[PDB]
Every structure is written in structure tokens, then in C-alpha cells.
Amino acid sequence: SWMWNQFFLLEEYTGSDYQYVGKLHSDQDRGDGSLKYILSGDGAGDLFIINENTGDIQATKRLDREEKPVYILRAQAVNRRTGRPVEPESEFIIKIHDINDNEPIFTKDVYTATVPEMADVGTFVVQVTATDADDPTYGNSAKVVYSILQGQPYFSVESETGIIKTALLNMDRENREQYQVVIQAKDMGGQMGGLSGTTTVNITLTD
């Protein structure tokens, strides 16, 4: 069975007037003003308001998907003068749809790691991770790619995983023992307009 009883509402609305949600409507409404639509449930009456004559629903406040992603409501259609139901009461949901408004955040601002000197190219150093609070199931808003801002050619980072590896042969601890790497995480798959964060990785060569 198809699931139709839902509305989709963009988060973080900043328009001047109220944000339009959609319209409840019974195919028994002849538009003669004898029918009344009633909204109840989570947010009914303040956050979500209805035009009782037409079924039009509006949202009265800017909503944040990361705070609350879905609202469960109920719809009624009744005779205006008797209150007798014309449609059976029915549940429906208002789904808050994601925009890319959260930047990647690294689990640590400073990572500490070691790797042996004279390691072969590709030796594992450390894995960094940036989380993203946007919706991973739609679009690229939460798809993070890693890149090295500081530390090439001594090190590399896997773009999809944040795994840092050695990238230069014959690194001598006696020459330089400590390396400070900076990694960037950018969402939207690293594409134009993506939001970004950075972290610092202090790497010490061992024997």
C-alpha cells in the first residue's frame, strides 16, 4: 500500500510571512462553507495552524530538523453546524526536510599519534573523524571528504575515511622528529559551497 499521509516542510525557514505546509481536503467538500477542518496533535494550534474553511496548513515558527525531524498530527473534517464527522479522523505527519546547515566537526581538535621512522610509504599513522549533524540519507549535506592542508608530501590522507599514512620514504627521526599535520573535513562531498572544519594532528616519529 502507498503511504501518502504526510507533508514535507523545509527546515530553517526565514521568509517574512508564515511558511506554507500543504492542504488537508476531503473529496466530500463542495466548497459551500458547510465543512470545517480541524487540526490536532503535536504542535496543533500554535506551531501549525489551519484555515478551518479550506484545510490550508501553515507553520508559524522556524523549525530545525536537527532538533526535531517529524511531527505526528491528526486531521478531522466535520459539518460546521453539527460537528458530525464527514471524514474519519486520520493521523498524518509533517516531515522536516534537511538543508546543509551543520559544518563537519572533528572528534578532537588535537590528535596525537606516532609512526616509526623510515616507514614504508602507506604506513598507517592515525584515523581522524569529522561528524556532520545533517541528514545522511538525503543529498550530500552530511557526506564528508578529508584533505591535508599541511603535511604533504610527508603524509597523505584518504579522502573518504580520514586515514593518515606516511607518504615519503626515508623519514629520519634524527632530521625531524615531530610533524604537525592539519586536516580539513568538507561536506557536500567537497563540492562548491560545502561547509568545512579542521583538526591538528601532532605526529612523532619513533624508532
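Residue indices: 1-based, along the sequence shown.
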Between 166 to 174 and 33 to 41, which has the larger average Cα B-factor in the PDB entry?
-> 166 to 174
Do the CA atoms of 146 to 154 or those of 24 to 32 have the higher mean B-factor in the entry?
-> 24 to 32
State the tercile, meaning the lowest, middle or highest third, of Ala59 with respect to the CA B-factors recorded for its chain.
-> lowest
Lowest, middle or highest third: where is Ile99 by Cα B-factor in its chain?
-> lowest
Tell me, lowest, middle or highest third: where does the Cα B factor of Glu89 rank within its chain?
-> highest
Going by what the PDB entry lists, where does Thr14 fall on CA B-factor within its chain: lowest, middle or highest third?
-> highest
Considering only modelled residues of the same chain, in which third does the CA B-factor of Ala130 rank: lowest, middle or highest?
-> lowest
